[PDB]
Structures are given as C-alpha cells and as structure tokens.
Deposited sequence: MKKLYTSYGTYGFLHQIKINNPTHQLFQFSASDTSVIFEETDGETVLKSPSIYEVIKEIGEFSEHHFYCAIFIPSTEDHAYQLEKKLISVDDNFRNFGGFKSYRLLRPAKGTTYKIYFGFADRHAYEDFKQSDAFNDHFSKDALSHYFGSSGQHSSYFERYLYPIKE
C-alpha cells in the first residue's frame, strides 16, 4: 500500500538524511516554522518516527522545484469516513488551473487529522487558486467545518 512519510527538523538535520540515502526519492523544503522532508513509497521509509499517511488519491509527480501547500484538516472518529468520501468526490477540474502541478489526499495512520498537498508552480499560483470557487467551496475551513486547528503550512523549494 502506498504511503507518505513526513519528517521535521532543521535544514542540516534533514539534509543529512537526504544525502545518506541517495537510493530514496526524498523531497526537502523550507517552511516558515521548520524544515520539512517527505517520501512516498509502498516500501520501507528511511525516516525515523515520521508522520505516516496512506495515499487515498493522487495526481501528478513531486518535484523539488515546486511550491507546496500542506492543509491540515482536523476531524473526529465519527466524521472521518464522511470527510474522506467528500474529499474523494471533488471535481477534478482544478487540475487545469494555471500553475497546477500535483495533488495528494492523505489518510492518517494515527488519529483523525487529514492532510492535503497541493503542488503548484509557485506561491502566487496556489494563492490565486485558493481564492477560486473550486477551492473555497471544497477545501477551505468553511467548506469542511461540518466535519470538525485547521491550518496551512507553506513549503518552499530550497535554494
């Protein structure tokens, strides 16, 4: 089963994992509050105590030169199955919006906070998409609150 593993630490800490494990496809980025690294695989991860997720839906490939927004979507044992089906059924049309690169819908291994990655050309492209109806009506705090610390972590490429 394909899973995504995310670890947090300083740039130098995570970059050492990267370079120690060259056979693994690890993507490292700068967030405003921490450095972040992830890999997606159906095999073993090289990360230690990562946050683990099953990949429920995906479009597109990861790239170290893309901007990502990670959306954390809090929910409860009793709302989680309905949240999932809802996020599943969203119209794929966003895939054609300017600057779109990738999408991941992520079911947590522990607890009930769902995660979405949106990959775009740059930050502006994501923030333009975030204002559209396709986003506001499906992926916003307002849109999802009937299934409720919702927040966004922005991930910038490393220079």
What ranges of the deposited sequence, counted from 1, have no C-alpha atoms in this structure? 149 to 155, 167
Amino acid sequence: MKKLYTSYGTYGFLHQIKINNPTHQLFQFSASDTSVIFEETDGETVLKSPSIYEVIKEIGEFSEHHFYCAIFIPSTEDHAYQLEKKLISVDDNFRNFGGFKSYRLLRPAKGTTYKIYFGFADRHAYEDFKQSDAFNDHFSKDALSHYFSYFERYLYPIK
From here on, numbers count along this sequence of modelled residues.
Entry-level comparison of average CA B-factors, 28 to 36 and 47 to 55, reporting the higher stretch: 47 to 55
Going by the B-factors listed in the PDB entry, is the mean over the C-alpha atoms higher for 105 to 113 or for 63 to 71? 105 to 113
What third of its chain, lowest, middle or highest, does the C-alpha temperature factor of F135 fall into? lowest
Quick check on the deposited entry: does the C-alpha B-factor of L4 sit in the lowest, middle or highest third of its chain? middle
For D91, the third of its chain by CA B-factor is the middle
